[PDB]
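So this first bit is one chain, no partners, the form deposited in one PDB entry, shown in structure tokens.
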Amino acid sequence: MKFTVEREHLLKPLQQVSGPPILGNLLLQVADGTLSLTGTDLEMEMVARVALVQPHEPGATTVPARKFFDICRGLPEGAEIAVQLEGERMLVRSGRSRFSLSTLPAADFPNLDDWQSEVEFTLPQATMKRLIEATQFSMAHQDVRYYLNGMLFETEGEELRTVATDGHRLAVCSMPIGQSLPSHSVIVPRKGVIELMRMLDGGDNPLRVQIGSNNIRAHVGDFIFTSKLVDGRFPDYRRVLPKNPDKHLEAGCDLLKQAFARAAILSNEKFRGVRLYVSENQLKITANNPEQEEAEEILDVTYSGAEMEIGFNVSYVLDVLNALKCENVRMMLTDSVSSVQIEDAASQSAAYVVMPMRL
């Protein structure tokens, strides 16, 4: 196995495959004019392909990922990196820098189980990035309810939807993708979501998604990501979407956020409860804590409905406003004992639901 490649042509692929003992190594393969790099943690895998325009010899090995990446990154901008397999070591040479790395046999590199694709679609990268970024923050982290430690991907009509919840607050994002889809639902593990998100480079390469019974694969440009799905049932989240909020309030996103952020300083550190008093074109926010410190914020908003009061977790609401990053927000309300739904006033694509608190 031999190849010589420019540093930068190696670094982006290296970043991608480092994501997921031999699991600490990258599989390197030279075949039919291409260097492929693979990383895996047994749950998911990333493969990156690099065209080889310089002379090369086929073969495969595995090397320590961190060390190989660090060596490549540490070399000067635009350096040519020459790699050859010599016995049980992989030799890396560039200028008068030389390295000998330990290898493990390519034959030992684990493969993900084989599977059949049953649902497929192609969409712009930007659309998938919007879908994930809109909801990722609301996934559970390491809940014993393992089916929450990930993100629902739901197809219906011509729409792809992501849903995330930690068992307390909810994020939903829905986008038309211009193809007729079967009504289908899968849960992608949270680490897979993160790795998928970070494979999307913000460019013009379209993303191809293939979903099997127990696996998902995403292909964009020179990168192929594959993951197991979470084998579980996602909660019936539709039950907490307010059926008909009769009251709708519109406010400047940043003004509302800064008022909540200031009030939060004097909210209970653990339960983070703040109260909203809604009246004709006015919102008053209050907070207090066990040391009897108190905050009050009054802002002008657009609101005509009946006066009402409602409490909620200000951390959850701040998370929502930070995700929305827009000009104006719409808060849809019912009463003091019902949830609140929050959206960008200019777009219904993303929606967030926060539960009510009594004080």
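Residue indices: 1-based, along the sequence shown.
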Does the chain run continuously from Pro13 to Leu14, or are deposited residues unmodelled in between? Answer none, 1 to 3, 4 to 9, or 10 or more. none
Taking the recorded C-alpha temperature factors, which stretch has the higher mean, 79 to 87 or 139 to 147? 79 to 87
For the C-alpha atoms alone, is the average B factor greater in 128 to 136 or in 238 to 246, going by the entry? 238 to 246
Among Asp70, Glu57, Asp319, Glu297, highest Cα B-factor in the entry goes to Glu57
Among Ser227, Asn289, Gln116, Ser174, where is the Cα B factor highest in this entry? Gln116
Relative to the other modelled residues in the chain, which third contains the C-alpha temperature factor of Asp166: lowest, middle or highest? lowest
Chain-relative CA temperature factor third for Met331: middle
Taking the values exactly as deposited, rank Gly232 by C-alpha B-factor within its chain and report the matching third: lowest, middle or highest. highest
For the chain shown, is the CA B-factor of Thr62 in the lowest, middle or highest third of its modelled residues? middle
Position of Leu266 among the chain's modelled residues by C-alpha B-factor, lowest, middle or highest third: lowest
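Heads up, the form deposited in another entry isn't pictured, but that's what we're talking about next.
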Among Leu241, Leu255, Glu57, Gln125, pinpoint the one at the hinge where one rigid part of the chain turns on another between this form and the one not shown. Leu241
